[PDB]
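Worksheet for the structure shown next.
Residue numbers (the entry's author numbering), protein chains in the order written: chain 6, 103 to 194, 260 to 420, 444 to 463; chain 7, 1 to 31, 59 to 158, 189 to 216, 220 to 386; chain 4, 177 to 212, 221 to 469.
Structure representation (structure tokens):
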């Protein structure tokens, strides 16, 4: 089902960058620029790409980008596997991040609504109160009671938990959340608070904010107080601290209520303005 | 049981003192029909819902059979020791001697008039097609009960609970009696919808379960225990509804001293007061009032930190207020 | 007749007088004014609304006072302000079918029929703020007047839930439909013969907007003890970001009460309830 159409967006994207999306010849951009973008990262090894959004939508006439604009969150397992089938036919300690840019529209803070969860969009704002750079886990090696410390798979999510199946000892799913730093691959991120631009808003009534996560190789590119555009994803984060203004928050029948709020994720930041 | 929670006998008995309540009702002749006939029926005709029983009528009814006729035990001095068990039991005498179908069963003079009939007729539809649990009696009341003390002339004749005590005079031994105080109402809060009975809905077996409500703490139930769903593997998930239960008004305030009964030493104090029922929004801060009502301690609240002196919190229920500067 | 059990509302094939109310109403509200315009208001708004589709019907709704055999739904409006509106939302989808079957095919066959619609009626009389609200009128349409204090950002709501297993089998969704979400024990492509742990991936499941607004009313006709009273509102997706701070608003909506927690970690509840006004239509500034 989703495995089927997940390979279709995989094989189309794998067939996309193997072909060229640039027409003007004899003045640059000749013969599959994305193959030429690979070899420059083969010399330098910074593990990223910077591909256009319009250039994806020019070939199939938006037959593919409308899914990538809508169901963007589900396809990053399938876009990462599709890129890794390409470079192993090209290039011989590796991780890869897929950055987009050149979007048609710029949205604002007041137009943020929950019909666009897992989609792609841009936003402009003012950067305030940056923080420090810290590692995040993203892959664990949690051992067990027996000497088999084999743990390179499950529970890389946003919960800091360890796995349940494939038991090393003869026991069941024992205690969890162990991170043995001998083999675990951390990336770095920081947290900033974006604020709406001054010369758009009406009469001054404390304009609303967000908190944005900058993952990967985008760190310390946000200056304290300059305007920027960003990438599309809009996650929601489980939190505990929201209390005092109650609604109908559904319970979990270990009892725990669920409180949600909005947080923004990025992959490419551009400092226009 | 023996050797733990023993039985101490008391000189005051409660068995016989139900019948003399019944004869203080509509079988009454001191005040065509008696005063407890029409005032009950007017409430039954959905024109009032606050039945204000007086206490002086208990005193005059005693003299009608004191040294005249038979010998009977005292009730006004029985109220002035307990004053709370004579509230749920004084109403227990009313519902038997009260005609329900006197009024029309017409459209909305109050809400939950059509659904309570559907609450009442479905319960007899539950007990029709079977060949035995009904709604609790404290749910179906639709009035209230109050009391007023006596101060003017009735005590001087042959000898109480109407002396204007100050706030500092309230000892620890008055916990359970009727008192009357005075002072200055301050820090009065608003009206908030409380709850005294709760209706769930199983949504699969239909059997609506209930429980009783005590102050500041109540626990929700487990999943359904009705015998149609249970004794199997399939048990329904029950959910609370608000259109199926009884609510009431509730308020809070604090009464300081009147600053004439203050000593030259100690600094003035305050009591907490809960106003429950249809006397809500009948007070206003910054005046001189005379509040009556029963005076009972607040129960155990949790976390076991400040406790074992129970944090009794000494609050004071209200029954009748008598203002000044009318 | 199969009347709804706890609701006492007449079942469908009886509420079709709302269709007849929607077609014939010309001078009936002007019977009070003594004619000091010859057509019905709700014909002309119906022709302009199908063009754009964004329904948001105003519905002044002092029209069920003067019409033949519509007093009963008007009295069943205030007593049951949730169900009869959601019942009317079916007919506001169904009355638009009645033009397309009669007139020629508009809008390149259809799509506007699949759009849901809302009705936002108002002017149900005059209520008296918060101090005069008795707690025995729980679900009635209330008129409220006051200014607007500080507001809050957007809070999402679980509308469709979603699940997964540790096995890579089929991931099927469930809906909430109540106050609490449920979760199964077994699955298809069961997952170790019904032994497994249901996982909750909460980013692919849909959501819904909610903003809470703290309203301050104006308790006039003062009894010389005066609180600037706070009333919370629970506005939904269509009328978000429509109420700025410092504005006097007449608002209409239903009225609720929700139990609260004591330790917020235990299974005990607090007996006193808390009230908020789930709004339906916000009108004026």
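Every residue gets a Cβ at the ideal spot worked out from N, C-alpha and C, and that includes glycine.
From the listed residues 344 (chain 4), 184 (chain 4), 255 (chain 4), 466 (chain 4), the smallest Cα separation to residue 360 (chain 4) is found for 344 (chain 4).
Contacts between residue 193 (chain 7) and chain 4, judged by CB atoms closer than 7 Å, are missing: the closest CB pair is about 17 Å apart. DSSP places residue 308 (chain 7) in the strand class (E or B) of the three-state scheme. At least 7 Å separates the beta-carbon of residue 396 (chain 6) from that of residue 171 (chain 6). Taking a C-beta cut-off of 7 Å against chain 6, the contacting residues of the region 351 to 376 of chain 4 are 360, 363, 364, 365, listed in chain order. Residue environment: residue 465 (chain 4) is assigned as buried (16 or more neighbouring CB atoms within 10 Å of its CB, all protein chains considered). Here the alpha carbon of residue 325 (chain 4) sits roughly 46 Å from the alpha carbon of residue 394 (chain 6). Within the region 316 to 340 of chain 4, contact with chain 7 at the beta-carbon level (separation under 9 Å) is assigned to 316, 317, 318, 319, 320, 321, 322, 323, 324. Under the three-state reduction of DSSP output, residue 88 (chain 7) falls in the helix class.
Look at residue 179 (chain 6) here: in three-state DSSP terms it is helix.
For residue 435 (chain 4), the beta-bridge partners assigned by DSSP are 328 (chain 4), 466 (chain 4). At a Cβ-Cβ threshold of 7 Å, residue 373 (chain 7) and residue 334 (chain 7) do not count as neighbours. Around residue 275 (chain 6), no beta-carbon contact reaches into chain 4 at under 7 Å, the shortest distance being about 11 Å. Residue pairing of residue 440 (chain 4) in beta bridges, as defined by DSSP: 460 (chain 4). When C-beta distances to chain 4 are compared with 8 Å, the residues of the region 244 to 259 of chain 7 below that value are 248, 250, 251, 252, 253, 254, 255, in chain order. When the five nearest sequence neighbours on each side are left out, the beta carbons in the same chain lying within less than 8 Å of the beta carbon of residue 143 (chain 7) are those of 197, in order along the chain. Neighbours of residue 345 (chain 7) across chain 4, judged by C-beta separation under 8 Å: 409. Neighbours of residue 279 (chain 7) across chain 4, judged by C-beta separation under 8 Å: 451, 452, 453. Straight across, the Cα-Cα distance linking residue 151 (chain 7) with residue 365 (chain 4) is about 34 Å. In terms of beta-carbon proximity, residue 382 (chain 4) stays away from the interface with chain 6, with every pair separated by 7 Å or more. Identification of chain 4 residues near residue 381 (chain 7) by a Cβ-Cβ cut-off of 8 Å yields none; the smallest Cβ-Cβ distance measures about 16 Å. For residue 393 (chain 4), the neighbours in chain 6 by C-beta distance under 9 Å run, in chain order, 280, 281, 282.
For residue 295 (chain 6), the enclosing beta strand (DSSP E) starts and ends at 292 to 295. By alpha-carbon distance to residue 410 (chain 6), the top candidate from 339 (chain 4), 435 (chain 4), 329 (chain 4) is 339 (chain 4). Residue 351 (chain 7) places its beta carbon 7 Å or farther from that of residue 324 (chain 7).
Look at residue 400 (chain 4) here: in three-state DSSP terms it is strand. Residue 377 (chain 6) holds the alpha-carbon nearest to the alpha-carbon of residue 337 (chain 4) among 390 (chain 6), 377 (chain 6), 398 (chain 6). Minimum Cα-Cα distance from residue 277 (chain 7) among the listed residues 286 (chain 7), 238 (chain 7), 28 (chain 7), 254 (chain 7) corresponds to 254 (chain 7). With a threshold of 7 Å between beta carbons, residue 396 (chain 4) makes contact with chain 6.
Secondary structure of residue 270 (chain 4) (DSSP, three-state): helix.
About 6 Å separates the CB atoms of residue 225 (chain 7) and residue 241 (chain 7); that is less than 8 Å, so the two are in contact. For residue 460 (chain 4), the closest Cβ of chain 7 is not nearer than 7 Å.
The beta carbons of residue 436 (chain 4) and residue 462 (chain 4) sit no closer together than 7 Å. For a cut-off of 8 Å, the C-beta gap from residue 267 (chain 6) to residue 155 (chain 6) is around 5 Å, short enough to register as a contact. Along the region 179 to 198 of chain 4, going in chain order, the ones with a CB nearer than 7 Å to a CB of chain 7 are 182, 184. For residue 410 (chain 6), the C-beta contacts it makes with chain 4 under 8 Å involve 448, in order along the chain.
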